[PDB]
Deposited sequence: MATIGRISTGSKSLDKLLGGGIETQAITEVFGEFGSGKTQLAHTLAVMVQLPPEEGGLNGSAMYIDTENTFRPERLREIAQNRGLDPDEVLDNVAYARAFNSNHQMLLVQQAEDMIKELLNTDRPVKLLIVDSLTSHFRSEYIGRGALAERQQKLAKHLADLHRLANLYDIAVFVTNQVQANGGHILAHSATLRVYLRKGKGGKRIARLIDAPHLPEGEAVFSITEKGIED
């Protein structure tokens, strides 16, 4: 099946990504708090709902929160400033708080139930967000010789996510706070730049263009 692309709201960031966030892939964004990774997650949750000539996939979003990062008022603000109805937009974002890493895994199995239910409807799930994908794993699998088991548990969690991306043609978008192995399809580093901008760089991505994107955090979420 064809790869779908979700616009980030920034033409600059979309160009760096080769056209937007891809379905059938895990895109991992990482950086410090306020680097834009969570603002990007909130923006994609709105953008995915738009038709394709507006950069979306006529879809709905699922948001797994591990650190209380989800702000329904921010989705509302982004929707209203893009000409959309905030109540309808929020209704197309299914949210869950993950209490620990094991609950996070169970939430991914429940996500599959909703994705299956909506697959052949007019508004299928097209984006699954996991914000701070590693926070619970790093908090729980810690101490002497914990690296091996944390990496095995994370490898399995990422394999379940890759399966949902590829099997149901959805984009999986995950975030992380800053020599370890990583299994995301695409890794993007975000940082705060000069003049209130955010700068994005692709990590280990020769398959895509050399360069960096510059974008802003605005009342529309993410834009140039």
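Undergrad: Compare the deposited sequence with the modelled residues and state the ranges that are missing C-alpha positions.
TA: According to the deposited record, C-alpha coordinates are absent for 1, 180 to 185, which together make up the missing parts.
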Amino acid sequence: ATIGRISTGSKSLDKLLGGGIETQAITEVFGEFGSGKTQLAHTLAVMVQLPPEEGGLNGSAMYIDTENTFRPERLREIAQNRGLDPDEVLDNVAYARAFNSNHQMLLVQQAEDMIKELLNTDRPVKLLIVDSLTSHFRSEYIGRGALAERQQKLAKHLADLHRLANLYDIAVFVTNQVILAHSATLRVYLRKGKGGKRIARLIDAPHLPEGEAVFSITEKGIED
From here on, numbers count along this sequence of modelled residues.
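Undergrad: Output the stretch having the higher mean C-alpha B factor in the entry; the candidates are 195 to 203 and 158 to 166.
TA: The deposited B-factors put 195 to 203 ahead on the C-alpha mean.
Undergrad: Which wins on mean Cα temperature factor, 111 to 119 or 148 to 156?
TA: According to the PDB entry, the answer is 148 to 156.
Undergrad: Taking the Cα B-factors listed in the entry, which of 82, 103, 126, 136 comes out highest?
TA: Highest C-alpha B-factor among the listed residues goes to 82.
Undergrad: From 130, 90, 142, 96, which pick has the Cα B-factor that tops the rest in the entry?
TA: Within the set 130, 90, 142, 96, 90 shows the top C-alpha B-factor.
Undergrad: Lowest, middle or highest third: which one holds residue 48 when the chain's residues are ordered by CA B-factor from the entry?
TA: Lowest third.
Undergrad: Relative to the other modelled residues in the chain, which third contains the C-alpha temperature factor of residue 208: lowest, middle or highest?
TA: Tercile = highest for this residue's CA B-factor.
Undergrad: Check where residue 67 lands among this chain's C-alpha B-factors and tell me if it's the lowest, middle or highest third.
TA: For residue 67, the deposited C-alpha B-factor lands in the highest third.
Undergrad: Lowest, middle or highest third: which one holds residue 222 when the chain's residues are ordered by CA B-factor from the entry?
TA: Highest third, going by the recorded CA B-factors of the chain.
Undergrad: Going by the recorded CA B-factors, say which third of the chain residue 1 sits in, lowest, middle or highest.
TA: According to the entry, residue 1 has a C-alpha B-factor in the chain's highest third.
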